[PDB]
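I have placed the structure first, in the form of structure tokens, so that the comments after it can refer back to it.
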Amino acid sequence: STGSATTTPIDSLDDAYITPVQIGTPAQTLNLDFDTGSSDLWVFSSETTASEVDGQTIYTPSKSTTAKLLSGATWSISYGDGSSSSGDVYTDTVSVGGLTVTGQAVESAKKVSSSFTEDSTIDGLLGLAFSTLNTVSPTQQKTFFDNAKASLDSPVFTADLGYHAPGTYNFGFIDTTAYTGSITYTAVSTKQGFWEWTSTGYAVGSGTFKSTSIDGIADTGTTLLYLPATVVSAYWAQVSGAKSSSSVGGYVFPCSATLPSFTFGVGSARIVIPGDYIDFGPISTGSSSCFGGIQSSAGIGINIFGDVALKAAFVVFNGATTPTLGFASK
């Protein structure tokens, strides 16, 4: 089997992407944030504290003839941005782009933190990291991909995120029309439960390529590109007036600037992030200070190849017995 679903930016900055997901019988369609950096499929629901729901579409398991309470199971998750959610668990039928999994753990939120409430466009998350990170207790549950894998034509999914435009998540096949050149594959460590890999270096603008190993994660659920302070300083030094602002929480730059591109290495291959992808607009409405899309990972504890990086590529998440990651230009 295969599946193919369009993923759409939630706003004009590509702060996140939502993909429609069918849950239950009859189908209830929720728009979920597909997150290769976590491993829980959780939704706003009829059980979510009412004051914490503001515009989201909810899953109502009592209206699904295939929903079953997973007795005694609870979940609780905290994300790198400080947000969190928790609740109980149902199993139900879940379909993405025509690909159907029966008995998928659907984690129903009883509580969500303010940033979730405040984002009316995201109805929940669909985790696509390794199932070892799933938070369900006392019986850990599998991701949608893990459950689908055996049925797929090939044990892969691909992320093709758009810049200020829709893109695609495919399951079970590689669309050879969706990228240019060849796909370069690179080793993955699953030791931390992430799609963790080592970039071979970087260049700023038309500058020379610096060969250096940068371990990080391919994370569709993180907006920006978080890299070591040395790398980030080298990038922003090429933008007149750019500076790190403790009050804003990262590098800012004059909105009048034209940003240089940023290249990262995948083996001997190179992915080029155009300068415009690195512009996240005014820090506050009407400001002439703009927020940068490349930020330091210092104090995160891990480098993160988030959407800024991934959207410059066609990315293969190869879930074969020994997982790997593939990157192509597009």
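The way I read the labels, and the way they are meant: chains A, B, ... in the order of the structure tokens, residue 1 as the first residue of every chain, and ligand 1 as the first ligand shown, with later ones counted on from there.
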(request) Write out as a ChimeraX atom specification the residues lying within 8 Å of residue 57 of chain A, counting only C-alpha atoms and excluding same-chain residues fewer than 4 positions away. (result) /A:30-31,44-45,123
Produce a table with one row for each residue of segment 122-188 of chain A that has an atom at most 7 Å from any atom of segment 317-330 of chain A, each row naming the nearest atom pair and its distance in Å at one decimal; use only C-alpha atoms; arrange rows by chain and rising residue number; format as a Markdown table.
```
| residue | atom | partner | partner_atom | distance |
| --- | --- | --- | --- | --- |
| A:155 | CA | A:319 | CA | 5.3 |
| A:156 | CA | A:318 | CA | 4.5 |
| A:157 | CA | A:317 | CA | 5.3 |
| A:158 | CA | A:317 | CA | 5.8 |
| A:178 | CA | A:330 | CA | 6.8 |
| A:179 | CA | A:330 | CA | 4.2 |
| A:180 | CA | A:330 | CA | 4.9 |
| A:181 | CA | A:329 | CA | 6.9 |
| A:182 | CA | A:328 | CA | 6.0 |
| A:183 | CA | A:328 | CA | 4.5 |
| A:184 | CA | A:326 | CA | 5.2 |
| A:185 | CA | A:326 | CA | 4.1 |
| A:186 | CA | A:325 | CA | 5.4 |
| A:187 | CA | A:324 | CA | 5.0 |
| A:188 | CA | A:324 | CA | 5.0 |
```
(message) Excluding residue 268 of chain A and its own-chain neighbours fewer than 4 positions away, which residues fall within 10 Å of it when counting only C-alpha atoms? Please give them as a VMD selection string.
(response) chain A and resid 184 199 to 201
Would you mind exporting the chosen residues as a PDB file, in the first residue's frame, restricted to N, CA and C atoms?
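Once written, result_2.pdb looks like this:
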```pdb
ATOM      1  N   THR A 184      20.935  11.478  -2.020  1.00  0.00           N
ATOM      2  CA  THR A 184      22.102  11.025  -1.278  1.00  0.00           C
ATOM      3  C   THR A 184      21.658  10.534   0.085  1.00  0.00           C
ATOM      4  N   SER A 199      25.678  15.862   9.296  1.00  0.00           N
ATOM      5  CA  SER A 199      25.993  16.677   8.136  1.00  0.00           C
ATOM      6  C   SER A 199      27.507  16.796   7.988  1.00  0.00           C
ATOM      7  N   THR A 200      27.967  16.923   6.754  1.00  0.00           N
ATOM      8  CA  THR A 200      29.394  16.976   6.469  1.00  0.00           C
ATOM      9  C   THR A 200      29.964  18.399   6.416  1.00  0.00           C
ATOM     10  N   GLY A 201      29.121  19.417   6.595  1.00  0.00           N
ATOM     11  CA  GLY A 201      29.622  20.775   6.717  1.00  0.00           C
ATOM     12  C   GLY A 201      28.668  21.812   6.177  1.00  0.00           C
TER      13      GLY A 201
END
```
Neighbour list for residue 294 of chain A as a PDB file with N, CA and C atoms, in the first residue's frame, cut-off 7 Å, only C-alpha atoms, skip fewer than 5 positions in-chain:
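Output contents, as saved in around_8.pdb:
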```pdb
ATOM      1  N   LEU A 224      12.608  26.197  12.705  1.00  0.00           N
ATOM      2  CA  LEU A 224      13.882  26.804  12.324  1.00  0.00           C
ATOM      3  C   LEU A 224      15.033  25.806  12.255  1.00  0.00           C
ATOM      4  N   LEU A 225      16.174  26.315  11.812  1.00  0.00           N
ATOM      5  CA  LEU A 225      17.414  25.564  11.723  1.00  0.00           C
ATOM      6  C   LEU A 225      18.302  25.969  12.893  1.00  0.00           C
ATOM      7  N   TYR A 226      18.564  25.023  13.802  1.00  0.00           N
ATOM      8  CA  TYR A 226      19.351  25.282  15.006  1.00  0.00           C
ATOM      9  C   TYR A 226      20.694  24.571  14.888  1.00  0.00           C
ATOM     10  N   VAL A 232      26.441  29.532  13.322  1.00  0.00           N
ATOM     11  CA  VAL A 232      25.414  30.560  13.272  1.00  0.00           C
ATOM     12  C   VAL A 232      26.045  31.953  13.264  1.00  0.00           C
ATOM     13  N   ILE A 278      15.221  32.063   5.152  1.00  0.00           N
ATOM     14  CA  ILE A 278      15.793  32.346   6.458  1.00  0.00           C
ATOM     15  C   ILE A 278      15.148  33.606   7.088  1.00  0.00           C
TER      16      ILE A 278
END
```
(message) I want to know what sits within 7 Å of residue 109 of chain A, based on only C-alpha atoms, with residues of the same chain fewer than 4 positions away left out; could you give that as a PyMOL selection string?
(response) chain A and resi 42-45+47-48+85-88
(message) I'd like to know which of A:281, A:258, A:292, A:167 is closest to residue 310 of chain A, using only C-alpha atoms.
(response)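 Checking each candidate against residue 310 of chain A, we get A:167 as the closest.
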(request) May I have the residues within 12 Å of residue 76 of chain A as a PyMOL selection string, using only C-alpha atoms and disregarding those fewer than 3 positions away in the same chain? (result) chain A and resi 39-42+73+79+83-89+107-113+133-138+140
Residues just named, written with C-alpha atoms as a CSV table (one decimal), in the first residue's frame:
```csv
chain,number,residue,atom,x,y,z
A,39,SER,CA,6.4,9.8,18.5
A,40,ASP,CA,2.8,10.5,19.8
A,41,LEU,CA,-0.3,10.9,17.7
A,42,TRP,CA,-2.4,13.2,19.9
A,73,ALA,CA,-3.4,4.1,29.3
A,79,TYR,CA,8.2,19.6,23.7
A,83,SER,CA,4.7,23.3,25.3
A,84,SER,CA,2.9,20.2,26.6
A,85,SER,CA,-0.2,18.1,26.6
A,86,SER,CA,-1.6,15.0,28.2
A,87,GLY,CA,-4.6,12.7,28.4
A,88,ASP,CA,-5.9,9.2,27.8
A,89,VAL,CA,-5.8,6.9,24.8
A,107,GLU,CA,-4.0,10.0,22.3
A,108,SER,CA,-6.9,12.2,23.4
A,109,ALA,CA,-5.9,15.4,25.1
A,110,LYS,CA,-7.4,16.2,28.4
A,111,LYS,CA,-5.0,19.2,28.9
A,112,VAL,CA,-3.0,21.2,26.5
A,113,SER,CA,-0.6,24.2,27.2
A,133,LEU,CA,10.0,7.9,22.3
A,134,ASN,CA,6.2,7.3,22.6
A,135,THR,CA,4.9,8.5,26.0
A,136,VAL,CA,1.9,6.2,26.5
A,137,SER,CA,2.0,4.4,29.9
A,138,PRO,CA,2.0,1.7,31.0
A,140,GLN,CA,4.1,2.1,25.0
```
(request) Find the residue from A:7, A:71, A:102, A:36 that sits nearest to residue 23 of chain A; use only C-alpha atoms when measuring. (result) A:102
(message) Residues of segment 19-155 of chain A classed as alpha helix (DSSP H) by DSSP on the backbone are to be reported as a PyMOL selection string.
(response) chain A and resi 114-118+144-148
(message) Measuring between only C-alpha atoms, which one of A:220, A:19, A:143, A:95 shows the shortest distance to residue 32 of chain A?
(response)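 Closest to residue 32 of chain A of all the choices is A:19.
Rounded to one decimal, atom CA of residue 5 of chain A and atom CA of residue 24 of chain A lie 17.7 Å from each other.
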(request) Would you mind listing what lies within 7 Å of residue 33 of chain A as a count of residues only, with only C-alpha atoms counted and same-chain residues fewer than 2 positions away left out? (result) 10
(request) Within segment 156-275 of chain A, find each residue whose DSSP state, derived from the backbone, is strand (DSSP E), and express the selection as a ChimeraX atom specification. (result) /A:156-160,167-171,184-187,196-204,210-218,225-227,243-245,250-254,262-266,269-273
(message) One number please: atom CA of residue 273 of chain A to atom CA of residue 240 of chain A, in Å, one decimal.
(response) 19.2 Å
(message) Measuring between only C-alpha atoms, which one of A:21, A:38, A:99, A:216 shows the shortest distance to residue 80 of chain A?
(response)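 Checking each candidate against residue 80 of chain A, we get A:38 as the closest.
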(request) Mind giving me the straight-line distance from atom CA of residue 3 of chain A to atom CA of residue 172 of chain A in Å, one decimal? (result)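 Taking atom CA of residue 3 of chain A as the start and atom CA of residue 172 of chain A as the end point, the length is 6.8 Å.
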Hey, which bits of segment 274-319 of chain A sit within 10 Å of segment 241-247 of chain A, and for each residue what's the closest pair of atoms and how far apart in Å (one decimal), counting only C-alpha atoms, rows by chain and increasing number, as a tab-separated table?
```
residue	atom	partner	partner_atom	distance
A:289	CA	A:242	CA	9.2
A:290	CA	A:242	CA	9.3
A:291	CA	A:242	CA	9.7
A:292	CA	A:242	CA	8.9
A:295	CA	A:244	CA	9.1
A:296	CA	A:244	CA	9.5
```
(request) Go through A:169, A:146, A:100, A:121 one by one, measure the shortest atom-to-atom distance of each to residue 58 of chain A using only C-alpha atoms, and give the residue with the smallest value. (result) A:121
(request) Find, counting only C-alpha atoms, the residue in A:194, A:253, A:34, A:314 that gets nearest to residue 20 of chain A. (result)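 Checking each of A:194, A:253, A:34, A:314 against residue 20 of chain A, counting only C-alpha atoms, the winner is A:34.
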